[PDB]
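Visitor: First piece of the complex, coordinates kept as in the full assembly:
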Amino acid sequence: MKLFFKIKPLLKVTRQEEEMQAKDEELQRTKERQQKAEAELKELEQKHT
């Protein structure tokens, strides 16, 4: 029982995300990445010009 105890925390979240939530989080991350990429691209284009 002590074991379960120290261990009980490392557990989750992944399941919950899948049920939801996980997809939403992933989407958000992707969006952020895309935005960053776009910004970088714009900068690169300017530099190239």
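Guide: It's in. Numbering: from 1, shown residues only, chains lettered A, B, ... in the order given.

Visitor: just the helices in chain A please.
Guide: A:2-7, A:14-16, A:22-48 (DSSP state H).

Visitor: Could you export the ones you listed as TSV, including mean neighbour count?
Guide: From N, CA and C alone the C-beta is placed, and that goes for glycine too. Putting those into TSV (neighbours: other CB atoms under 10 Å) gives the following:
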stretch	mean neighbour count
helix A:2-7	8
helix A:14-16	10
helix A:22-48	10
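
Visitor: And the residue nearest in space to the middle of chain A, how close does it get to residue A:38?
Guide: For chain A, the residue whose C-alpha lies nearest the mean C-alpha position (CA atoms, centre = their mean) is residue A:29; its distance is 4.2 Å. Relative to residue A:38, residue A:29 is positioned 15 Å away (CB to CB, to the nearest Å).

Visitor: Next: residue A:15.
Guide: If you measure residue A:15 against residue A:38 using CB to CB, the figure is 33 Å.

Visitor: Put this one in as chain B:
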Amino acid sequence: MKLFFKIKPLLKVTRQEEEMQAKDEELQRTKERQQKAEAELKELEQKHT
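Guide: Placing chain B onto the earlier chains gives this:
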């Protein structure tokens, strides 16, 4: 370190997102867009060089 950098984002993120049916679709679209952006950026960088 650059590697970790481009990569640091993909981390968390999914399966749930993909499933979401609407969410999943959105995620897929976002991913595609991101990929395209990345390709464009790479091309731009090469041109700049």
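
Visitor: Kindly tell me how buried the closest residue in space to residue A:38 that isn't next to it in sequence is, as a neighbour count.
Guide: Counting by CB to CB, 6 or more residues apart in numbering or on different chains, the nearest residue to residue A:38 once its immediate chain neighbours are dropped is residue B:37, at 5.8 Å. Summarising burial for residue B:37: neighbours were counted as other CB atoms under 10 Å in any protein chain shown, giving 19.

Visitor: I'd assumed residue A:36 was in contact with residue B:37.
Guide: No: the pair residue B:37 and residue A:36 does not pass the contact test of CB atoms under 8 Å, sitting 9.0 Å apart.

Visitor: Write out the residues of chain A neighbouring chain B.
Guide: Taking CB under 8 Å from any CB of the partner chain as the test, the list of chain A residues beside chain B reads A:17-27, A:29-34, A:36-38, A:40-41, A:44-45, A:47-48.

Visitor: So residue A:14 is in contact with residue A:23, correct?
Guide: No: with contact defined as CB under 8 Å, residue A:14 does not count as touching residue A:23 (11.8 Å).
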